[PDB]
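# Coordinates in review
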Amino acid sequence: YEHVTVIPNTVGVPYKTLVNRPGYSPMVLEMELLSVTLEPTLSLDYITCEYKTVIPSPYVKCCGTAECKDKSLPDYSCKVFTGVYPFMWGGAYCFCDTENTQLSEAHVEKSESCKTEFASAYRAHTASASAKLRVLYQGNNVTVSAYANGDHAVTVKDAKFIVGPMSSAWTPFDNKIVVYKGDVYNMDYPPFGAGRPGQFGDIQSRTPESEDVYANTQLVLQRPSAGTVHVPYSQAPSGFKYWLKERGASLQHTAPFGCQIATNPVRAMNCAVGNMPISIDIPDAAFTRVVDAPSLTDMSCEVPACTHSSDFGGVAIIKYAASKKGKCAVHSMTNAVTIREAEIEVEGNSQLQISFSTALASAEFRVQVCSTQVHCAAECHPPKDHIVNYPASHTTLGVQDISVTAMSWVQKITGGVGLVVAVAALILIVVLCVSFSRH
Amino acid sequence: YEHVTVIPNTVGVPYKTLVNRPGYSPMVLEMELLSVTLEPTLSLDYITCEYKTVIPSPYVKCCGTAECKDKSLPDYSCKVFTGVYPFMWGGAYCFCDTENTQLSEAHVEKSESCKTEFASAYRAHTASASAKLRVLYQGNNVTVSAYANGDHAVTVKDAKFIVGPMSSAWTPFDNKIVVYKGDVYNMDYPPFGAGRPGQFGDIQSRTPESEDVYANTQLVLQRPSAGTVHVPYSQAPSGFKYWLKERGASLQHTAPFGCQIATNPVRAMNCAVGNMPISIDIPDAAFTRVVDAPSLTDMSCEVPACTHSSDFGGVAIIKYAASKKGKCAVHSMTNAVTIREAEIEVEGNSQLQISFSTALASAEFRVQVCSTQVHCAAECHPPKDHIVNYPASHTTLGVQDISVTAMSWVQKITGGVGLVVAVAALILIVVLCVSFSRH
Amino acid sequence: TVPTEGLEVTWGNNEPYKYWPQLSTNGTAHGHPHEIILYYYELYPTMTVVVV
Ligand SMILES: *[C@@H]1O[C@H](CO)[C@@H](O)[C@H](O)[C@H]1NC(C)=O
Ligand SMILES: *[C@@H]1O[C@H](CO)[C@@H](O)[C@H](O)[C@H]1NC(C)=O
């Protein structure tokens, strides 16, 4: 009926579960996680686009001086240079020569690339989870996405899929995050207003539509070269001219546990860490009576070749005596060895042949073959394969690991070799009787 | 000064800050907080509004048994009732007699009344603190709305201020909070896909423009009784009606510190908690030397009458023979008494009246009247009036205030108390000299 | 009663009538006995009077 399982958080590895109601014949089903996409909740702090330095056509006040108006522009700058020399096609521009002064002004504003090309310093926040699951529902694959929080129930094809909680809690992002157009970067930008020239924060705006452009250029003007009708300004390095070329390794590349990032909206996918539970309830439409199954008797497992590996760890033969024709389940009583075969149609009194997979040095275990029991034994061999492109959580172990026969080699050497200390123990009573040899 | 102070987080309390610039003219300035705007995380989660129990037109299969058309509708329900009787104007709607069956179906959808009226399951955490502030500097009541987090510098008529950050980062908001058109409530709305039927929040869509509604409305279609042609069902629990019956304890009226709410976006307004640091900047342009300031001689402050209270809790006349003429400051130095008007004029041999407030009974007072420190003593009075609207934080004192005579009563009673240990030391020296001289 | 922070009362749609506590506190003297722990009976009743 009800069946709650806690599968490990593994992207792209299936899981076989022994679903069974009390009274009927068991069944082995496959579920699989496909993606764990963690969507962070976001808020834009401020943006940064390219600026544009704009000057007027400056004022050539020949024969005198006219003081500028102290306007308020982002990096407004003004200077009336003295004794200037205006020049044009017919020699000097003004007939007045010596008392020619020149007002000059300069300012910086946004540029025209800020419509679609701009970075954005965001404040990142807590993450929202999302998960993808395909179940092979008795030879039928059906797939559904959800929240992996214990809090997202979906039901379709009598499958009350309610997940359990994300057993981890770790998010790969800090609040101080920046984003430009294909990527993100977790660094500490300066905040709005408190920016630094020649960096992130060389120019600061909240939104592109926010016209508060915190600018930092210090574009100090100079006297022109020799009668040259122009305005020279000073040094002002920016941020867009340098750090876009040296942002470097995007957070796609900086990701622990094999996280991956994905924009529109940005999200942390496929670092399946922790262990995800799923409660799934299934009615008696799936379970069938064991009398509809054959009672398999005289089972004997024979492994011609096992090899403790990540892939197909070995092959086995189950001598079985099914009473009739029927479809029934096979499920090993330990999680370590994994029969690749889940629901087998059996026919009679013969030898079926299956495979299995473990990294146990000798797989000695038990399988419920459809409410009947077989005990199995397999001397496994050293793995001759070297590199594998997929991880293997089906053959995975813990640390309480079992050898071929070296535990019996211990049993040789710990049929206690401290029994000579038990000889020392048995002479304790006789040496105490030597103390009692008078009284 | 680059005078960085921390004023208490109280809207509408005139903080009188002191600028004794080094060897310059003293200058008392006023500040007054005007708003405290705290805006948490704008993370809308999902929605909840009214549904529509959609009952399509029933399907009377005249002399035939209709069969179930499975339609993937939210809370879809269908049943073909057998042995029905239809009728109309001219008797029976069917020529058929007893094999009249009638298909009947209904489901739930979203309502169109979610056009503008709905409820927002919504997430929120750390607020973007901003505040309004009016500074009275030399008859200049400048004002500024700045970001109260220590990031947004602001200069006004060259007066520079970085405001904030907030000392007490207390938040009146839960994460899972639901939003009505004027209000917000801390309540665990049921999570998406995993919502409870009939509770306020069964109807669940992701955005208000999203129509994909998970809902559980329990339409068990009843049989229409005998000959009447309609579609009775099990009744639908409408959560959205009594969403508004549980408005009740509004966050406008349940917030501590006298906090105020104003939704869309959600403003935590005027938290009376803690305090706030602030940088204070002005150049030396309003600062002449202390001798270029009018130097007060013949200084004498005297309190003629004072009832220490939340009103003008006292007044004092200062007689003086200043050096010359000038608008020079007045700063009370003892922190309980605060000067009501920050700067005065002086001319020379004159006297003038100041008003202030305190709560000390035997009030001691000391003042920096722009050149000199003058002490006043007083014996003020506790009030007898009863209604005061407005606070008075300056009057407030700690746990230790002076008495009028009982300090002398303390060191009369905690005065000779070591006379007993003096004669006890006499006991000890006589027992030592007799015990050692005899042995 | 009124706490030290005061009460804001609110009545219908109208203005929230805040109140701030007046520290009136006049039931004491100086006299021939003490009457200053009478002040401390007014200011901070029942605490900072067990200390003496
Ligand atoms: C069904 O899924 C299993 C694993 O889940 C896969 O090996 C198989 O190819 C799928 N079959 C179909 C028909 O989709
Ligand atoms: C200036 O501000 C002070 C305190 O903030 C206020 O009492 C005064 O009325 C204000 N004056 C003007 C002209 O706004």
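Right above here is the structure, for reference.
Residues numbered from 1 in each chain as written, not as in the entry; some residues may be left out. Chains lettered and ligands numbered in written order. Part of a larger assembly, values for the part shown. Heavy atoms only, no water.

## Some remarks on the overall build of chain A
Convention followed: To qualify as a helix, a DSSP run of H or I must reach at least 4 residues; to qualify as a strand, a run of E must reach at least 2; elements of each kind are numbered from the N terminus. Here the globule rule is a power law, 2.2 Å times the number of residues to the power 0.38, and the radius of gyration is based on C-alpha atoms. Only protein chains enter the calculation, and the probe is 1.4 Å; a residue is then buried if its accessible area is under 20% of its type maximum, exposed if over 50%, and partly exposed in between. Note on contacts: a residue pair qualifies if any of its non-hydrogen atoms lie within 4.5 Å across the two residues. All accessible areas in this document rest on Shrake-Rupley with a 1.4 Å probe, and a residue is counted as covered only by the protein chains that are shown. Counted charges follow a simple rule, with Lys and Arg positive, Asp and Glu negative, and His plus the chain ends left uncounted. Charged side chains are reduced to one point each, which is NZ for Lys, CZ for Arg, CG for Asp and CD for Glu.
Scanning chain A for helices and strands turns up two helices and 28 strands. Against the compact-globule benchmark of 22 Å for 439 residues, chain A has a radius of gyration of 39 Å, which places it well outside the compact range. In terms of principal-axis extent, the alpha carbons of chain A reach across some 130 × 80 × 45 Å. Buried residues in chain A amount to 42% of all 439 residues. Nonlocal contacts in chain A, meaning residues at least 24 apart in sequence, comprise 64% of its contacts between residues at least 6 apart. Total accessible area computed for chain A in this model is approximately 23,500 Å², and 61% of it derives from carbon and sulfur atoms. The positive charge centre, built from 33 side chains, and the negative charge centre, built from 39, are 1 Å apart in chain A.

## Details of the overall build of chain C
In terms of regular secondary structure, chain C is built from one helix and two strands. The order of α-helices and β-strands along chain C, N terminus first, is β-β-α. For 52 residues, the compact-globule formula gives about 10 Å, and the C-alpha radius of gyration of chain C, at 16 Å, lies well above that figure. A total of 52 residues make up chain C; the buried ones form 17% of that total. Counting only contacts in chain C whose residues sit at least 6 apart along the sequence, the fraction spanning at least 24 positions is 0%. Only carbon and sulfur atoms are counted for the fraction: they give 66% of the accessible area of chain C, which is about 4,000 Å².

## Observations regarding the interface of chain C and chain B
So the rule is basically this: Buried area counts how much accessible surface, traced with a 1.4 Å probe, disappears from two parts once they are put together, with both parts' losses summed. What counts as a salt bridge is simple: a side-chain nitrogen of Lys or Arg found within 4 Å of a carboxyl oxygen of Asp or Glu.
The partner chain B presents 22 residues to the 15 residues of chain C that form the contact. Taken together, the two surfaces of chain C and chain B that pack against each other cover about 1,500 Å², and 55% of this comes from carbon and sulfur. It is C:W20, C:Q22 and C:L23 in chain C that bury the most area against chain B; as a group they hold 30% of the surface buried on that side. There are zero salt bridges connecting chain C and chain B. Those elements giving two or more residues to the side of chain C that touches chain B turn out to be β2 (18-19) and α1 (37-42) of chain C.

## Focus: helix α3 (residues 419-438) of chain B
Basically, it comes down to this: A helix is expected to span 1.5 Å for every residue after the first.
Compared with an ideal rise of 1.5 Å per residue, which puts 20 residues at 28 Å, α3(B) spans 28 Å between its outermost C-alpha atoms and is within 8% of the ideal. One or two residues past the end of α3(B) sits B:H439, with phi positive at roughly 55°.

## Examining the sheet that holds strand β23 (residues 349-356) of chain B
Residues and elements named next belong to chain B. In plain terms, the rule: The criterion for strand pairing is that DSSP finds at least two bridges linking the strands in question. Axis lines are fitted to C-alpha atoms, over the contacting stretch for helices. Their N-to-C directions set the angle, which ranges from 0 to 180 degrees.
Spatial ordering of the open sheet is given by β18-β19-β23, a layout of three strands whose pairing is antiparallel. Single-partner strands in this sheet number two, and they are β18 (296-305) and β23. With strand direction ignored, the average angle separating the axes of adjacent strands in the sheet is 20°. Relative to strand β19 (residues 314-322), β18 is paired through six bridges, and the arrangement is antiparallel.

## Quick look at the site of ligand 2
Residues and elements named next belong to chain B. Threshold: Residues are labelled near a given molecule or strand when at least one of their non-hydrogen atoms is within 4 Å of it. Any pair of nitrogen or oxygen atoms within 3.5 Å is treated as a polar contact; in protein, a donor-acceptor pairing is required on top of that, and neighbouring residues in sequence qualify only through side-chain atoms on both sides.
Taken together, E30, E32, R134, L136 and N141 are the residues near ligand 2. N141 places a polar side-chain atom, nitrogen or oxygen, 2.4 Å from an oxygen atom of ligand 2. Against a free-state accessible area of 370 Å², the protein chains account for coverage of 38% of ligand 2. For the shell around ligand 2, the secondary structure elements donating two or more residues are β3 (26-39) and β9 (128-137).

## Side note on the interface of chain A and chain B
To keep it simple, the criterion reads: Under the grouping applied here, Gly and all other residues not named as nonpolar or charged are polar, the nonpolar ones being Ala, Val, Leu, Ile, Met, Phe, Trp, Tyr, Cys and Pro and the charged ones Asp, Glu, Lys and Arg.
Contact residues are listed per partner, giving 13 residues for chain A and eleven residues for chain B. The contact between chain A and chain B buries some 940 Å² in all, and 52% of this surface belongs to carbon and sulfur atoms. Linking chain A with chain B are zero salt bridges. Scanning the region where chain A abuts chain B turns up two residue pairs in polar contact. Partitioning the side of chain A that touches chain B into residue classes produces six nonpolar, five polar and two charged.

## Considering the site of ligand 1
Residue and element names in this part refer to chain A. Lining the immediate environment of ligand 1, one finds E30, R134, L136 and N141. Here an oxygen atom of ligand 1 sits 2.3 Å away from a polar atom, N or O, in the side chain of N141. Burial of ligand 1 by the protein chains amounts to 33% of its free accessible area of 370 Å². Considering only residue class, the shell around ligand 1 consists of one nonpolar, one polar and two charged.

## Structural notes on the state of the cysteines
Rule in force here: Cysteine sulfurs are considered disulfide-paired once they come within 2.5 Å of each other.
If you walk through the whole model with that rule in mind, you get eleven disulfides over all chains. Between the sulfur atoms of A:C306 and its disulfide mate A:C380 the distance is 2.0 Å. Where A:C306 bonds to A:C380 through sulfur, the torsion about that S-S bond is close to 85°, and the disulfide is right-handed. In this pair, A:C306 sits in strand β21 (residues 297-307) while A:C380 sits in strand β28 (residues 380-381), placing the two residues 74 residues apart along the sequence. Here B:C328 engages in a disulfide with B:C370; their sulfurs sit 2.0 Å apart. Since a negative S-S torsion denotes a left-handed disulfide, the B:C328-B:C370 link at about -60° is left-handed. With B:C328 in strand β20 (residues 326-329) and B:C370 in the loop between β24 (364-369) and β25 (372-377), the pair connects residues that are 42 residues apart, well separated along the chain. B:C370 shares its class with B:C328; the two are buried. Each bonded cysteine of chain A is numbered by sequence order, and under that numbering the disulfide pairs are 1-6, 2-4, 3-5, 7-8, 9-12, 10-11. Looking at the unpaired B:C301, the closest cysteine sulfur is the one in B:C376, lying at 6.0 Å.

## Let's talk about the side chain of B:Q102
Residues and elements named next belong to chain B. Examined against the element boundaries, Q102 turns out to sit in strand β7 (residues 101-110). Taking the relative accessible area as the measure of exposure, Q102 reaches 6% and is therefore buried. In this structure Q102 touches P58, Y59, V60, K61, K79, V80, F81, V84 and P224, once residues within four positions along its chain are discounted.

## Thoughts on the environment of B:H394
Residue and element names in this part refer to chain B. Note that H394 resides in the loop between β25 and α2 (406-413). Setting aside chain neighbours within four positions, we find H394 in contact with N335, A336, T338, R340 and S357. A polar contact is formed between the side chain of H394 and the side chain of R340, at a distance of 3.5 Å.

## A closer look at the pattern of salt bridges
Scanning all chains against the criterion turns up 17 salt bridges over all chains. For B:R134, the salt bridge goes to B:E30, with nearest N and O atoms at 3.6 Å. Pair noted here: B:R134 is in strand β9 and B:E30 is in strand β3, with a separation of 104 residues, a long-range link. Salt-bridge contacts for B:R247 lead to B:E246; the nearest nitrogen and oxygen are separated by 3.0 Å. Looking at B:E246, the relative accessible area reads 28%, which means it is partly exposed. Several salt bridges converge on common partners, so that one network encompasses A:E30, A:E32 and A:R134.

## Topic: the relation of the copies chain A and chain B
Convention followed: The copies are overlaid through least-squares superposition of their C-alpha atoms.
Once chain A is rotated about the relating axis by 178° and shifted along it by 0.6 Å, it coincides with chain B to within an RMSD of 1.6 Å. Taken together, the turn and the small shift mark the pair as related by a two-fold rotation axis. Considering only C-alpha atoms, the part of chain A nearest the rotation axis is A:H125, at 3.7 Å. Of all interface residues in chain A, 77% are interface residues in chain B too; the two copies therefore contact each other through one and the same surface.

Remember that the coordinates give geometry; whether it matters functionally is a separate question.
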